[PDB]
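S.K.: Sharing a structure here in structure tokens format.
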Amino acid sequence: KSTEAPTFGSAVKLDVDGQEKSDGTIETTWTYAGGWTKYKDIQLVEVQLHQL
Amino acid sequence: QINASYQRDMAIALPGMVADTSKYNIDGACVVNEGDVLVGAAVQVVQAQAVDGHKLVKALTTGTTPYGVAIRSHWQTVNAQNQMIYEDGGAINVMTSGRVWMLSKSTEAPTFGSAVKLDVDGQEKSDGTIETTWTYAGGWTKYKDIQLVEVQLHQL
Amino acid sequence: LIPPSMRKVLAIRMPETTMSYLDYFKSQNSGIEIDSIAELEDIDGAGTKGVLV
Amino acid sequence: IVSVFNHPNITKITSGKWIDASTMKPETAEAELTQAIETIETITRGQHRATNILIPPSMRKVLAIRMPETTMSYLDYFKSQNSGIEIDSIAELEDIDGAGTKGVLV
């Protein structure tokens, strides 16, 4: 749900709905992987997931 | 007279048993040192050989850091005091990452995803002293008066 | 289908005769099979039994 | 050496006395024998069925009583309902602990 590309290696923050957001209230240990692509008015981002 | 049929349920798991086929890793270049290790209990590394390559492991003691959990094998283990152990001066299997069943000293089910508390002798027990970074994988069953727990192991 | 623990109830002889309840019931009701299934001991997880017809 | 009456893994059943001051109880014996047979049936999950009973020689008089309002006896009814079993008497069962305690073995 963001509009600006993320910085590689930075921690990702989620939203209450459960989707990515640049400034969210849920802290998470995952990471951005660098990809930033949009497919017909849908915003996608590539995330690296670490085991709990 | 009228017939009858009965039904019985198999047990779930056993001490030192790999829980499932997720991503895991086992080290077999480690050797037991000065004692023996119960299958399903944490171990620790005392010395790693610089050029030879083998690592010396022994049962966990107070004021140390665990490294892995010994797992079951029907070939590289010996039967002693009605259990399965690894004897001194022999190769050992040490699982360094993944889900595994291990012995417990607790009494109540643990919360999913929390930290793992360890006892001084290398067995799981709540309100223990030794600090760990492993997690609980949501498994709490008993095999004939032996209490087991499912632990998720992260590589050091 | 009845639980196994209730098989002995149907084997009691009726007073003033030398045959069990099950024999008379089977004679009256021809073509019905009665069997025992150990899964009927606990039907809800608290020890309640049940019979299935 | 562990005796057969002192084995710590066998099933022991407490029983009301079949004879209470020369007062025969021919239904309690049959009920307890059926209970023991069903216990053997349900403890091995159907893989073993009882075949032999050993009773004290002085209790053969309880099983010879005519059932009321009929001819055939309690033992005959028991055999008719449980055909395929053998009942015998052993004098070693008159006393099982040195103090007059009796018992039955199935």
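In the structure tokens, chains take letters A, B, ... by order of appearance, with residues numbered from 1 within each chain and ligands from 1 in the order shown.
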Quick one: DSSP strand (DSSP E) residues in chain A, as a PyMOL selection string?
M.R.: chain A and resi 11-14+26-38+43-48
S.K.: Counting only C-alpha atoms, give me one row per residue of chain C with an atom at most 10 Å from an atom of chain D, showing the shortest contact pair and its distance in Å to one decimal, sorted by chain then residue number, as JSON lines.
M.R.:
{"residue": "C:4", "atom": "CA", "partner": "D:42", "partner_atom": "CA", "distance": 8.4}
{"residue": "C:5", "atom": "CA", "partner": "D:38", "partner_atom": "CA", "distance": 8.3}
{"residue": "C:7", "atom": "CA", "partner": "D:38", "partner_atom": "CA", "distance": 9.3}
{"residue": "C:8", "atom": "CA", "partner": "D:34", "partner_atom": "CA", "distance": 8.0}
{"residue": "C:11", "atom": "CA", "partner": "D:81", "partner_atom": "CA", "distance": 7.9}
{"residue": "C:12", "atom": "CA", "partner": "D:81", "partner_atom": "CA", "distance": 9.7}
{"residue": "C:13", "atom": "CA", "partner": "D:77", "partner_atom": "CA", "distance": 9.0}
{"residue": "C:15", "atom": "CA", "partner": "D:69", "partner_atom": "CA", "distance": 8.3}
{"residue": "C:16", "atom": "CA", "partner": "D:69", "partner_atom": "CA", "distance": 5.5}
{"residue": "C:17", "atom": "CA", "partner": "D:70", "partner_atom": "CA", "distance": 7.0}
{"residue": "C:18", "atom": "CA", "partner": "D:77", "partner_atom": "CA", "distance": 7.5}
{"residue": "C:19", "atom": "CA", "partner": "D:77", "partner_atom": "CA", "distance": 8.8}
{"residue": "C:20", "atom": "CA", "partner": "D:81", "partner_atom": "CA", "distance": 8.8}
{"residue": "C:38", "atom": "CA", "partner": "D:45", "partner_atom": "CA", "distance": 9.5}
S.K.: Calculate how many Å separate atom CA of residue D:4 from atom CA of residue D:85, rounding to one decimal.
M.R.: 21.2 Å
S.K.: Which neighbours of residue B:79 fall inside 12 Å, counting only C-alpha atoms, when residues of the same chain fewer than 5 positions from it are skipped, and could you give them as an MDAnalysis selection string?
M.R.: chainID B and resid 36:39 72:74 84:87
S.K.: So that I can see what lies close to stretch 47-50 of chain B, please list as an MDAnalysis selection string the residues with an atom at most 12 Å from it, counting only C-alpha atoms and leaving out residues fewer than 2 positions away in the same chain.
M.R.: chainID B and resid 29:33 44:45 52:58
S.K.: Let me see the file: selected residues, N, CA and C atoms, as a short mmCIF file (atom, residue, chain, number, x, y, z; two decimals), in the first residue's frame.
M.R.:
data_model
loop_
_atom_site.label_atom_id
_atom_site.label_comp_id
_atom_site.auth_asym_id
_atom_site.auth_seq_id
_atom_site.Cartn_x
_atom_site.Cartn_y
_atom_site.Cartn_z
N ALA B 29 30.30 -34.94 11.92
CA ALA B 29 31.75 -34.91 12.12
C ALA B 29 32.10 -34.58 13.56
N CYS B 30 31.17 -34.78 14.48
CA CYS B 30 31.36 -34.49 15.89
C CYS B 30 31.56 -35.79 16.66
N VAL B 31 32.36 -35.71 17.73
CA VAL B 31 32.71 -36.88 18.52
C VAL B 31 32.42 -36.60 19.99
N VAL B 32 31.90 -37.62 20.68
CA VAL B 32 31.60 -37.51 22.10
C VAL B 32 32.90 -37.46 22.89
N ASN B 33 32.90 -36.71 23.98
CA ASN B 33 34.08 -36.52 24.81
C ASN B 33 33.70 -36.65 26.28
N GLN B 44 26.95 -29.68 23.95
CA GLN B 44 27.74 -28.47 23.82
C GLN B 44 29.11 -28.82 23.27
N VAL B 45 29.75 -27.83 22.64
CA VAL B 45 31.06 -27.98 22.03
C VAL B 45 32.11 -27.45 23.00
N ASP B 52 42.37 -30.80 11.92
CA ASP B 52 41.82 -32.14 11.75
C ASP B 52 40.35 -32.09 11.33
N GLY B 53 39.57 -31.18 11.91
CA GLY B 53 38.22 -30.93 11.47
C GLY B 53 37.12 -31.39 12.40
N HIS B 54 37.39 -32.33 13.30
CA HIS B 54 36.35 -32.84 14.18
C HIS B 54 36.09 -31.87 15.34
N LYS B 55 34.88 -31.96 15.89
CA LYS B 55 34.46 -31.14 17.01
C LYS B 55 34.11 -32.01 18.21
N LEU B 56 34.57 -31.59 19.39
CA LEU B 56 34.38 -32.33 20.63
C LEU B 56 33.09 -31.86 21.30
N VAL B 57 32.15 -32.79 21.51
CA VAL B 57 30.87 -32.45 22.13
C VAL B 57 30.68 -33.27 23.39
N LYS B 58 29.93 -32.71 24.32
CA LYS B 58 29.65 -33.38 25.59
C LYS B 58 28.33 -32.86 26.15
#
S.K.: When the cut-off is 10 Å and we count only C-alpha atoms, which residues of chain B are near chain D, given as a list in words?
M.R.: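 Here is what falls inside 10 Å: residues 1, 3, 4, 5, 6, 7 and 8 of chain B.
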S.K.: Just give me the gap between atom CA of residue D:105 and atom CA of residue C:9 in Å, one decimal is fine.
M.R.: 23.7 Å
S.K.: Neighbours of residue A:26 within 8 Å (only C-alpha atoms; same-chain residues fewer than 2 positions away dropped), as a PyMOL selection string?
M.R.: chain A and resi 13-16+24+28
S.K.: Using only N, CA and C atoms, please write the residues we just selected to a file, as an mmCIF file, in the first residue's frame.
M.R.:
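Output below, filename result01.cif:
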data_model
loop_
_atom_site.group_PDB
_atom_site.id
_atom_site.type_symbol
_atom_site.label_atom_id
_atom_site.label_comp_id
_atom_site.auth_asym_id
_atom_site.auth_seq_id
_atom_site.Cartn_x
_atom_site.Cartn_y
_atom_site.Cartn_z
ATOM 1 N N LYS A 13 7.418 -3.346 7.541
ATOM 2 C CA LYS A 13 6.338 -3.094 8.485
ATOM 3 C C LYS A 13 5.011 -3.363 7.794
ATOM 4 N N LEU A 14 4.114 -4.062 8.482
ATOM 5 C CA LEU A 14 2.835 -4.449 7.912
ATOM 6 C C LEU A 14 1.721 -3.536 8.412
ATOM 7 N N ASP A 15 0.550 -3.687 7.810
ATOM 8 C CA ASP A 15 -0.638 -2.926 8.158
ATOM 9 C C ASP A 15 -1.630 -3.821 8.891
ATOM 10 N N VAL A 16 -2.682 -3.194 9.423
ATOM 11 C CA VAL A 16 -3.699 -3.931 10.162
ATOM 12 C C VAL A 16 -4.429 -4.929 9.273
ATOM 13 N N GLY A 24 3.700 1.256 9.139
ATOM 14 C CA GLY A 24 2.697 0.430 9.779
ATOM 15 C C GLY A 24 2.929 0.281 11.267
ATOM 16 N N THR A 28 7.904 -6.396 12.287
ATOM 17 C CA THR A 28 8.170 -7.696 11.695
ATOM 18 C C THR A 28 9.659 -7.807 11.395
#
S.K.: Extract, using only C-alpha atoms, all DNA, RNA and protein residues at most 10 Å from residue A:19, discarding same-chain residues fewer than 6 positions from it, and format them as a list in words.
M.R.: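 Surrounding residues, per the criterion: residues 1, 2, 13 and 44 of chain A.
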S.K.: Where does chain A meet chain B within 12 Å, residue by residue, with the nearest atom pair and distance in Å to one decimal for each, counting only C-alpha atoms, listed by chain and rising number, as CSV?
M.R.:
residue,atom,partner,partner_atom,distance
A:50,CA,B:154,CA,11.0
A:51,CA,B:154,CA,8.7
A:52,CA,B:113,CA,7.3
S.K.: Record the distance separating atom CA of residue B:94 and atom CA of residue B:13, expressed in Å with one decimal.
M.R.: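 It comes out at 18.4 Å.
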